[PDB]
């Protein structure tokens, strides 16, 4: 099996509060992209907040683009955008291959700087700890998990908490945007787990 690190990015969801003074161009971009559900999806599109998703997807792609240059390969990932009770956030589960825990902090710090530069027009998001690596315990090492984390924690999310998900892991391709498939994989996970 492969192993994964997790980075949680709190995605700006109120431009006036999080990106004070940002140019109108940012607003035009985020409000102008139209999203459509693939036919395999069984999600209710009306529950998806498009401007926030547009930002999350841009963050995701910039993140993975930079990550791959660090890892030197097309790293495996499962990313899920969620609308939490306090924050909209991206759960970025990325394979550890080619990235040591010792250097992970620095690499993530560089990606954060790139996000600020190429996504937020040089404006630092006014959200505390908006880019955080999941640790073993508060004040510990970087947490490493296996794919079992996906059906245990990510898959069971439903709308409106679940906003969208992406993955290059074949086992979870249908699950990304299909509730019925997520339910099937979670049920299988619980069955095996109870034993």
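Positions refer to the first chain, counted from 1.
- A summary of the deposited B-factors shows that, of 93-101 and 77-85, the stretch with the larger mean C-alpha value is 93-101.
- Annotation for 121-129 versus 106-114: the higher mean temperature factor (C-alpha) is found in 121-129.
- Of all the options 57, 146, 161, 66, the entry's greatest CA B-factor is assigned to 146.
- Residue-level temperature factors show residue 1 in the highest third of its chain, judged at the C-alpha atom.
- Placement of the Cα temperature factor of residue 157 within the chain: middle third of the modelled residues, per the deposited record.
- When all modelled residues of the chain are sorted by CA temperature factor, residue 9 is found within the lowest third.
- The deposited CA B-factor of residue 23 belongs to the highest third of values across its chain.
- Per the PDB record, residue ranking by Cα B-factor puts residue 175 in the lowest third of the chain.
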